[PDB]
Amino acid sequence: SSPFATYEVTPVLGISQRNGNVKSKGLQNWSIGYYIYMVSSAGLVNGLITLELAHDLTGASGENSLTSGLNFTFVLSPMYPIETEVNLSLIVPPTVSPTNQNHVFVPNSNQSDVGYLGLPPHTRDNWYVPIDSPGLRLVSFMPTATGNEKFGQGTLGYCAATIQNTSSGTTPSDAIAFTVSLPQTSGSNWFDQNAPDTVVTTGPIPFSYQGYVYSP
Amino acid sequence: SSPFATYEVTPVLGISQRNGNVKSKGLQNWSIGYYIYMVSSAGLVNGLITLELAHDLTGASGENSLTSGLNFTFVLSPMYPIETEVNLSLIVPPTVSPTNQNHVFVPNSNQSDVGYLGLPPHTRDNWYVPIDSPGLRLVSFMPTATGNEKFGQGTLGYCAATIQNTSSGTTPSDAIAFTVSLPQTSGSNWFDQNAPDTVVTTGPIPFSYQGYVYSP
Amino acid sequence: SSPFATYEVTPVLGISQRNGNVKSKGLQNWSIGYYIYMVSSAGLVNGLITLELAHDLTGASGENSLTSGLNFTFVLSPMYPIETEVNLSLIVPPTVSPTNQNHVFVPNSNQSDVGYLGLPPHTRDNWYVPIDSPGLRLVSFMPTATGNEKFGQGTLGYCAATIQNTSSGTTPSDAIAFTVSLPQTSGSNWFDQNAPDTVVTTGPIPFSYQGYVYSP
């Protein structure tokens, strides 16, 4: 019997089925493709997150990706759907091994001491996380885009988050916030025309945090 | 029987009991709260370190945290207390699983080849590690502070260290040095008044190194 | 029976036997010492890579390391030597546990979606990877050098790579590219005189990626 707990989530048709949701810095809701794989070893979680945007984004009148960059937040509630109430980024249910060991991947209470990132409970609410938010663990990477779209050095910030003011009045388990900045060097305005074939990926970004201990 | 070795250390009353010691860039001894959790998988150690300072620091006459930042070093001797002689940061004994497998977490001899960070053996000695010291692995994060205290992007550097010139003349097992820079954007001078309720945390910072192989 | 798969590779006489090959930014072939250790946990690979150069490098006429830095690429084909055709960096066969589980450490097809880093198949070919190449995961560290040689903050980029246009016409398994930038602060021109005693090491740099699942 495996000593590991595992967590895997991606759209049923894979990362190119962009049916997740991210909150932009402009408070727009963007479609996202995601692939997340995490392994728990004696309560320590190591993970990889991949996020893919298509060139179909909504920005403000006169806003240009070439000046603003692509800045957005993905939030994972590992207890979903054992806890059904919170799913900001509209994930499908994860594959968890063993079955229903989702709580193993909830960030431990010590992942948010002194202060904590607090988020509202609904996809429509304002849960954009600034890239310089207190508590973020910061990672650097070069994204990859199709054709003539060129992106500079990207940043991901991640941390535990508490979800506040749920409709039921029940305290949800903690979530993990992933906030991304992709500065754009050249190409087109990602906020203007729908170009569904034109895609940028973060590639698989590593992260690590403390959850709860799985023991077989 | 678990395939993992684990190492956990924190003050008995938790990270808010700031009875550890860090060496500042000014060679002052500051009280610190710490929480360290490490897991060994076939000789590869993955860890999380959290460090918390209160607003009770000693600096030079006329020194201001708003100009100088908070720069300090924490040193972990994983063999403590099987080896009793070295404990620069004044930790309590760790919880190690299995019991007395502390040596699993000593950095491997190949973690310090060509040159090595060398440290003196006593808390009172000069074991401050500059943030640009040769051999550091560097990580970025946003710390979190109480109230109106605001900190910019922080840096942690970590590496294996040899301890030199022990009182017994016995060569101690290697230690791990963790050196931190917290630049401060706004708030108060952390070197002036005792404000014990005013706290900054690094949050849980990930790190990885090679130790010795545990096999059940 | 261990739940882990492990991968270890280094020259037979250790990292100071610099019989590996890296491709420089000038498209020169430099001798390198390497030590790589990786552990696979339910298909997630955590690794440490150490690279050592001696002061015996070939550069262009009039090129100076003090102005250019040391910029070079190491490529690991984890299937070697089960797949014999590809070995850009001239490694010796790795120690893999269990024996012949090399494919566990091949980066998963999802490590190179949207675009992919493509490399040629022969050591003599042009497989230098720019430090700002799309798809790199980026890490920071302070290297260590002997004597009066002083290096600033280094960068490593890593990612999955496909090998293209093999002599056999067989598609090799994917490789991992490791590209390094070591800016030099002071000391001598590493491109001029042979000083075999004069060495710079990256130290052990952590990295993480998704391979294939090993189950005992």
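Shielding value for B:103-114 is 4, the average number of Cβ atoms from other chains within 10 Å of each residue's Cβ.
Proximity of backbone amide H atoms, modeled 1.01 Å from N, is registered between residue A:32 and A:19, A:20, A:21, A:22 at under 5 Å, excluding neighbours fewer than 5 places apart on the same chain. The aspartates and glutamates whose alpha-carbon is closer than 20 Å to the alpha-carbon of residue A:25, local same-chain residues fewer than 8 away aside, are A:52, A:56, A:63, A:125, A:132, A:192. Under 5 Å between amide hydrogens, built in the peptide plane, is the criterion, and for residue C:198 it picks out C:55 among residues at least 5 positions away or on other chains. Summarising the amide proton neighbourhood of residue A:184: residues at separation of 5 or more, or on other chains, whose placed amide H is nearer than 5 Å comprise A:69, A:70, A:152. Our summary gives region B:5-210 a relative contact order of 29 percent, counting only alpha carbon pairs under 8 angstrom and 6 or more residues apart.
Separation of region A:128-187 from region C:26-85 is 31 Å, based on Cα centroids. Counting only Cβ charges, +1 for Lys and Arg and -1 for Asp and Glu, the dipole size of the protein assembly as shown around its Cα centre is about 20 debye. This model, with +1 at the C-beta of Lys and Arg and -1 at the C-beta of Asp and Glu, gives region B:5-210 a dipole about its Cα centre of some 140 debye. Across identical copies of the chain, residue C:189 has label-point separations of 5.1, 5.1 nm, listed in ascending order, with the point defined 7 angstrom from Cα along Cα→Cβ. The charge dipole of region B:69-170, taken about the Cα centre with unit charges on the Cβ atoms of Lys, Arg (+1) and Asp, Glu (-1), comes to about 180 debye, rounded to the nearest 20. Legend: mean number of C-beta atoms from other chains within 10 angstrom of residue C-beta atoms, peptide B:13-19, equals 1. Across all directions, the average projected area of the convex hull around the alpha carbons of region B:1-101 is 7.6 nm². Per-residue Karplus couplings for region B:205-216, computed as 6.51 cos²θ - 1.76 cosθ + 1.60 with θ equal to phi - 60°, are listed in order as 9, x, 8, 8, 7, 9, x, 10, 7, 8, 9, x Hz, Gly and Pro entered as x. Neighbours of residue A:165, meaning other residues whose beta-carbon lies under 12 angstrom from its beta-carbon, give a summed charge of -2 when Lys and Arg score +1 and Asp and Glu score -1. Using θ = phi - 60° in the Karplus curve 6.51 cos²θ - 1.76 cosθ + 1.60, the 3J(HN,Hα) couplings for region A:134-140 round to x, x, 5, 8, 10, 10, 10 Hz; x is entered for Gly and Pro. Taking other residues whose beta carbon is less than 15 angstrom from the beta carbon of residue B:189, and scoring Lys, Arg as +1 and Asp, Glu as -1, yields -3. In terms of Cα atoms, the Rg and Dmax of region C:5-210 work out to 16.4, 50 Å. Residue-wise HN-Hα couplings along region B:91-106, as the Karplus relation 6.51 cos²θ - 1.76 cosθ + 1.60 with θ = phi - 60° gives them from phi, are 6, 7, x, x, 8, 10, 10, x, 3, 6, 8, 3, 5, 3, 9, 5 Hz; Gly and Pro carry x. Summing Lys and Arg as +1 and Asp and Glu as -1 over all other residues whose Cβ lies under 10 Å from the Cβ of residue A:29 gives a net charge of +2.
Pairs of alpha carbons in the protein assembly as shown separated by more than 47 Å make up 12% of all such pairs. In this assembly of identical copies, the label point of residue B:85 (Cα plus 7 Å along Cα-to-Cβ) is separated from its counterparts by 5.7, 5.7 nm, sorted shortest first.
Each copy carries a label point for residue B:216 at 7 Å from Cα toward Cβ; from one copy, the others' points are 0.8, 0.8 nm away, ordered from shortest. Among beta bridges identified by DSSP and lying wholly in the protein assembly as shown, the antiparallel ones come to about 95 percent.
Where a number appears in this text, it was derived from the coordinates with a stated rule and is not lab data. We place every Cβ from the backbone using ideal geometry, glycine too, and count neighbours over all the protein chains shown.
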